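Report on one structure; see the data block that follows.
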Amino acid sequence: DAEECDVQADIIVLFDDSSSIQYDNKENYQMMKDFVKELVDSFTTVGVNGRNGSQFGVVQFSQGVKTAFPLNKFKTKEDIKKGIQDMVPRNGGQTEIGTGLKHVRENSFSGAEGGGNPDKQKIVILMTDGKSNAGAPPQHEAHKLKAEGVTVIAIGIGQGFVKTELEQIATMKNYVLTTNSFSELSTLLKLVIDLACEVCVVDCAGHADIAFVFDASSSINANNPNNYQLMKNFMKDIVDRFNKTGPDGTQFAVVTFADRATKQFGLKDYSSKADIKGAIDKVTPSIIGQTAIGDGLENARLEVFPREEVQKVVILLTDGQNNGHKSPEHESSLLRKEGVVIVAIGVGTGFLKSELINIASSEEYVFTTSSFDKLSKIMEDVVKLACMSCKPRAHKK
Ligand SMILES: [Zn+2]
Ligand SMILES: [Zn+2]
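Numbering (the deposited numbering), first residue to last: 45 to 350, 357 to 447.
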């Protein structure tokens, strides 16, 4: 039940030192410290030599931010653990999550504090018992941080944090871990190491199973008879960006939705790009003007996904709000729990962004455009996500 990660990394822990923690229980800080010590002892290359080594730093945040120690301060696990033990919580009267994230981006990973080595994965583990209520706006700071190639894991403790805020901050919604008490932190260790050791890269030549789940309502071609073809061209252009299709590379499937959902083709129907693109083009729209986003996702879950070890992706496109036959929140949750990464795109003024946000793996994976002609504007960003390939590297000690 104890694991390790052999990945070379610079790891920053963002450690809430708000007064709420001390008020709740005088032993809470010790339990937080112990948890962080256990993290240190989970990374095998911490304390290694020179260029094959991992580093650890800790930054306290509540009212303002204090660096407990930088990445380059200590050189062995023991010394790092002593550093953690010697930390003095400040018991601030505010919780500035965003200011913490900003400090980490601007200082913690800088050359001056020992960061910047390109062979190293950058990881931030945030621990908080509160909601951000002052300082730099957190969603924006989290965006800039992650844009620099930083993985963000968020741990929420007790009843005072808000889960959707942590979900916006973390790399994906399932990089958020929650527990009811500081006493149970240790039950999250394996999960945190598993996420920290998840290596995600952009690789359009990898093995992936990709499902387009798209709107085929009569509404699409209402204000412009080109819309449906523009949407097909967008999907065909995405297919063309993969190096190789079929069982030896990338497999594609299509599900469409209107009042209900229909599997047009599964992952094993076609192996050539020409066949995949021609199959996309043959798909006909419904004469019904409903959009069953929930049914589309259910269909992908039950009829498309059940290749093993391969990255699974759903790219969903809609021009309307859900009809309620199935719950998009529930169906997407089930898909994401199975390892499916979900990208959500709304086109026009008929969709609801809340629903896109509910189904996507992250609000960073949500895209909106005013028209089908402007799908080209989001193409590059969508491809980078469609090509994302995540590999778990943690294993038992
Ligand atoms: Zn190992
Ligand atoms: Zn607090």
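Note that beta-carbon positions come from the ideal geometry of N, C-alpha and C, so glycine has one too.
Fill in: Bridge partner(s) assigned by DSSP for residue 418
Translated into positions along the sequence shown, residue 418 becomes position 368. 396, per the DSSP bridge assignment.
Practice prompt. Could you tell me if the beta carbon of residue 407 falls within a distance shorter than 7 angstroms of some heavy atom in ligand 2?
Written response: Mapped onto the sequence shown, residue 407 falls at position 357. No.
Worksheet item: Does the segment 186-195 come close enough to the segment 140-150 to have 3 or more Cβ pairs within less than 8 angstroms?
Response: yes
Worksheet item: What do you get for residue 403, buried or exposed, if any count of 16 or more other CB atoms within 10 angstroms of its CB means buried?
Response: Position 353 of the sequence shown, counted from the first residue, corresponds to residue 403. Flag for residue 403 reads exposed.
Worksheet item: Residues near ligand 2, CB to any non-hydrogen atom under 5 angstroms, in chain order?
Response: 62, 64, 173 and 174
Worksheet item: So the beta strand (DSSP E) residue 308 belongs to, where does it begin and stop?
Response: The residue you call residue 308 lines up with position 264 of the sequence shown. Unbroken beta strand (DSSP E) run through residue 308: 305-309.
Item to complete: State the beta-bridge partners of residue 55 as determined by DSSP.
Response: Here residue 55 refers to the residue found at position 11 when the sequence shown is read from its first residue. In the DSSP output, where bridge partners are listed per residue, residue 55 has 100 and 167.
Worksheet entry | Whole-number beta carbon distance between residue 171 and residue 58, since they are thought to touch under 8 angstroms | As a first step, residue 58 is located in the sequence shown; it is residue number 14 there, counting from the start. As a first step, residue 171 is located in the sequence shown; it is residue number 127 there, counting from the start. Contact between residue 58 and residue 171 is confirmed by a C-beta separation of about 7 angstroms, below the 8 angstroms threshold.
Fill in: Under 8 angstroms between C-beta atoms of residue 77 and residue 138
Numbered from its first residue, the sequence shown carries residue 77 at position 33. Numbered from its first residue, the sequence shown carries residue 138 at position 94. Their beta carbons are not under 8 angstroms apart, which means residue 77 does not touch residue 138 by this criterion.
Worksheet item: For residue 240, which of helix, strand or coil comes out of DSSP?
Response: Residue mapping note: residue 240 aligns to position 196 of the sequence shown, counting from 1. Under the three-state reduction of DSSP, residue 240 is assigned to helix.
Discussion item. Bridge partners for residue 350 per DSSP, in chain order?
Written reply: In the sequence shown, residue 350 corresponds to position 306, counting from 1. In DSSP, residue 350 forms no bridge with anything.
Worksheet item: So what does DSSP say about residue 113, is it helix, strand or coil?
Response: As a first step, residue 113 must be located in the sequence shown, where it is residue number 69. Note: residue 113 maps to strand in three-state DSSP.
Discussion item. Here's the rule I'm using: 16 or more other beta-carbon atoms within 10 Å means buried, otherwise exposed. How should residue 321 be labelled?
Written reply: Within the sequence shown, the letter at position 277 stands for residue 321. That one is buried.
Worksheet item: What does residue 444 pair with, by DSSP beta-bridge criteria?
Response: As a working mapping, residue 444 is identified with position 394 in the sequence shown. DSSP output for residue 444 lists no bridge partner at all.
Fill in: Validate contact between the segment 332-349 and the segment 384-392 using beta carbons, cut 8 angstroms, 3 pairs
Touching, yes, given that three or more Cβ pairs across the two stretches are closer than 8 angstroms.
Worksheet entry | Supposed contact pair residue 53 and residue 98 - C-beta distance, whole angstroms, cut 8 angstroms | The residue you call residue 98 lines up with position 54 of the sequence shown. The residue you call residue 53 lines up with position 9 of the sequence shown. With 8 angstroms as the limit, residue 98 and residue 53 qualify as a contact, their Cβ atoms being about 5 angstroms apart.
Discussion item. Within 10 Å of its beta-carbon, does residue 95 have 16 or more other beta-carbons around it, so buried, or fewer, so exposed?
Written reply: If you number the sequence shown from 1, residue 95 lands on position 51. Residue 95 is exposed by the Cβ-count criterion.
Discussion item. Can you give me the C-alpha to C-alpha distance between residue 46 and residue 220, rounded to a whole angstrom?
Written reply: Looking up residue 46 in the sequence shown gives position 2. Looking up residue 220 in the sequence shown gives position 176. For residue 46 and residue 220, the distance between alpha carbons rounds to 20 angstroms.
Fill in: Rounded separation between residue 350 and residue 439 - CA only
Counted from its first residue, the sequence shown places residue 350 at position 306. Counted from its first residue, the sequence shown places residue 439 at position 389. Going by the C-alpha atoms only, they are around 19 angstroms apart.
Item to complete: Give me the Cβ distance between residue 327 and residue 362, rounded to the nearest whole Å; I'm assuming they're in contact under 8 angstroms.
Response: Position 283 of the sequence shown, counting from 1, holds the residue named residue 327. Position 312 of the sequence shown, counting from 1, holds the residue named residue 362. Not confirmed; about 21 angstroms, so no contact.
Worksheet entry | residue 445: CB within 7 angstroms of a non-hydrogen atom of ligand 1 | Here residue 445 is taken as the residue at index 395 of the sequence shown, counted from 1. Yes, the beta carbon of residue 445 sits closer than 7 angstroms to at least one heavy atom of ligand 1.
Worksheet item: Would a C-beta distance cut-off of 8 angstroms place residue 323 and residue 311 closer than the cut-off?
Response: Within the sequence shown, residue 323 is the residue found at index 279, counting from 1. Within the sequence shown, residue 311 is the residue found at index 267, counting from 1. Against a cut-off of 8 angstroms, the Cβ pair of residue 311 and residue 323 comes out as no contact.
Discussion item. Quick check on this structure: which residue in 255, 209, 86 and 85 has the alpha carbon closest to the alpha carbon of residue 185?
Written reply: Within the sequence shown, the letter at position 141 stands for residue 185. Checking every option, the nearest Cα to that of residue 185 belongs to 209.
Worksheet item: Just the Cα atoms here: how many angstroms apart are residue 303 and residue 136?
Response: Start at 1 with the first residue of the sequence shown, and residue 303 comes out as number 259. Start at 1 with the first residue of the sequence shown, and residue 136 comes out as number 92. Cα to Cα, the separation comes out at about 53 angstroms.
Discussion item. For residue 164 and residue 379, I'd like the C-alpha separation in whole angstroms.
Written reply: As a first step, residue 164 must be located in the sequence shown, where it is residue number 120. As a first step, residue 379 must be located in the sequence shown, where it is residue number 329. Rounded to the nearest angstrom, the two C-alpha atoms are 35 angstroms apart.
Worksheet item: Rounded to whole angstroms, how far is the Cβ of residue 265 from the Cβ of residue 271, which I believe are closer than 8 angstroms?
Response: Taking the sequence shown and counting its residues from 1, one reaches residue 265 at position 221. Taking the sequence shown and counting its residues from 1, one reaches residue 271 at position 227. Rounded, the Cβ-Cβ distance is 5 angstroms, consistent with contact.
Discussion item. According to DSSP, simplified to helix, strand and coil, what is residue 255?
Written reply: Residue mapping note: residue 255 aligns to position 211 of the sequence shown, counting from 1. Residue state, collapsed to three classes: strand.
Discussion item. Am I right that residue 422 and residue 275 are in contact with their C-beta atoms under 8 angstroms? What's the rounded C-beta distance?
Written reply: Within the sequence shown, numbered from 1, the residue matching residue 422 stands at position 372. Within the sequence shown, numbered from 1, the residue matching residue 275 stands at position 231. About 6 angstroms; that satisfies the 8 angstroms criterion.
Worksheet item: In terms of residue numbering, what span does the alpha helix (DSSP H) encompassing residue 207 cover?
Response: Reading the sequence shown from its first residue, position 163 is the one you call residue 207. Counting along the chain, the alpha helix (DSSP H) containing residue 207 begins and ends at 207-213.
Worksheet item: Buried or exposed: which applies to residue 345, given that a residue is buried once 16 or more other Cβ atoms fall within 10 Å of its Cβ?
Response: Reading the sequence shown from its first residue, position 301 is the one you call residue 345. Buried, since its Cβ has 16 or more Cβ neighbours within 10 Å.
Worksheet item: Assuming residue 121 contacts residue 160 under a Cβ cut-off of 8 angstroms, what Cβ separation, rounded to an integer in Å, is found between them?
Response: What you label residue 121 is simply residue 77 of the sequence shown in a count that begins at 1. What you label residue 160 is simply residue 116 of the sequence shown in a count that begins at 1. Not confirmed; about 22 angstroms, so no contact.
Discussion item. Beta-carbon within less than 8 angstroms of residue 427's beta-carbon, same chain only, minus the 5 sequence neighbours each way: which residues are those?
Written reply: Mapped onto the sequence shown, residue 427 falls at position 377. Only 419 meet the Cβ criterion.
Worksheet item: Between the segment 246-262 and the segment 329-338, are three or more C-beta pairs nearer than 8 angstroms?
Response: At 8 angstroms Cβ cutoff, the stretches touch.
Worksheet item: According to the neighbour-count rule (16 or more other Cβ atoms, all chains shown, within 10 Å of its Cβ), is residue 228 buried or exposed?
Response: For this step, residue 228 is matched to residue 184 along the sequence shown. It is exposed - the Cβ of residue 228 has fewer than 16 other Cβ atoms within 10 Å.
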